[PDB]
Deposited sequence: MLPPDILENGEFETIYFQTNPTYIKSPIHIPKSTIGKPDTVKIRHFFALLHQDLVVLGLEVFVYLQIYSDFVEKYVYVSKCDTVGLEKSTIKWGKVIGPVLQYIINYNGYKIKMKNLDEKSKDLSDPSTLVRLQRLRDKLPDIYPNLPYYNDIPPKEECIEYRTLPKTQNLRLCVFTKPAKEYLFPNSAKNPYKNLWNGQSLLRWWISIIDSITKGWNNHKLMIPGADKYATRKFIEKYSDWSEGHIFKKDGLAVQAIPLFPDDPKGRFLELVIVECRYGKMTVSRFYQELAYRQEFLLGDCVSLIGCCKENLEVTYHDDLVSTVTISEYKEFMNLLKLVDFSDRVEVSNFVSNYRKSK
C-alpha cells in the first residue's frame, strides 16, 4: 500500500479499514421504467498515517459498485483529504496519497453478500470512474489543525495543481481525464492542464438528458449539494445536464469559492480479477463511531491527538 522509503521500519504506522460492503440506493437516479437496474454496493475507506503517536495525514474514499449482469460501473469518490501539521513534515504527502488512492481504486477483494429475495461474485468487466472535487477548506478531517505551525494551508489554485499531479500519476492510460472549474472561462481552466496531454475540459458523466439521471449524488460534495436542492425543489424532471453545470457556477460555494473545481477520470472495459486482500473491515456504526470521535479531537493539541491514537490502538 506504501513504499519502504515512506515507512522507515515502523517509525510510521497506518490506520486503514473499510466498511463491510453495504447495498444502497443508486447515487445516480435510475428510472422505475429503467430496464436492467443495477445493484449498488458502497464501501467506505478510511486511511490515516501515523508518525510515532501522532496523526499526520488522513484520506477518506467511498467506492460505489453499480453491479450489472455483465459489468460493473465502479465509482471512486474522494471524500476528504487532510493533514495535521503538528510536526515538520519531511514527506511530500502526494507521495503517500497517490499510492493509497491507487490502492483503493484497484482494490477488488470485497466480501459482498448476496442480494436478498454465500458471497456474491462481481463481474470481471469493470468501468472505473474517479471523482474528485478540489476546494481549499482549512480543516477537512482534523478540527483545529489550521492552527498548527507546520500545516500547509492551500489556496484554490495550488490545491488544484496538487490534485491534478496526483490523479494524473495514478490514471495513466485511462480513457479520459476531465477538469471543470464552474464559473471560469475555458482559457483559465485550460491553463491548469496545458502540460497534461491526456486532460481536457468538461466532465465524465452523460452529457444529455436529465441531470439527476446522469450525475451521482456523493455525500458532502459541492456538486451533490446542488443536486440535492434540485431534488428537494422538484426540478429533477426538467434540469438537463447542461443546465445543471451552467447553474452550478452560480452557487455560493462556487461563485464565492476559491477555484472550486471538479475532476473526473474514466477507464473503460477493464478486466479485473478477484483478489482477496485481508484488511480491517468494520460495521457502519463502528465506522461512524470512529469518525465521530475524530471530529471531537483538538488536533492542535498533541495530548488529545496521542490519546485518540492510543484509544484506537486499544480497539484492535
- Query: Can you list the gaps, in order, where the deposited sequence has no modelled residues?
  - Reply: 118 to 160
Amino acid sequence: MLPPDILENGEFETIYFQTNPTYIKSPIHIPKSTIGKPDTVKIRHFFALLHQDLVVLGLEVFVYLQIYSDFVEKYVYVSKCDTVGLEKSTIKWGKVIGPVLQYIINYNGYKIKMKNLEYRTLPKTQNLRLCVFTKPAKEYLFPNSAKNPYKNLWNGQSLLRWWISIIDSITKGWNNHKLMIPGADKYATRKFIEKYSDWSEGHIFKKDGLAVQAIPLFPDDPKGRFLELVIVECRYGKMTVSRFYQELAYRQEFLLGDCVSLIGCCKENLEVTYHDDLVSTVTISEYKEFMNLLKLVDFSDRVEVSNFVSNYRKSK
From here on, numbers count along this sequence of modelled residues.
- Item | Segment of higher mean CA temperature factor, 24 to 32 or 248 to 256 | 24 to 32
- Task: Compare the mean C-alpha B-factor of 144 to 152 with that of 99 to 107 as given in the PDB entry, and name the stretch with the higher value.
- Result: 144 to 152
- Note on the structure: Entry record, C-alpha B-factors for 167, 91, 112, 128; the maximum is at 91
- Compare the CA B factors listed in the entry for 44, 267, 37, 288 and report the winner. 37
- Which third of the chain holds residue 281 when residues are ordered by C-alpha B factor: lowest, middle or highest? middle
- Task: Name the third of the chain's ranked CA B-factors that contains residue 187, choosing lowest, middle or highest.
- Result: highest
- Item | Third assignment of residue 237 from its chain's C-alpha B-factors | highest
- Item | Within-chain third of residue 139 by Cα B-factor, per the entry | highest
- Query: Within this chain, which third does the Cα B-factor at residue 175 fall in: lowest, middle or highest?
  - Reply: middle
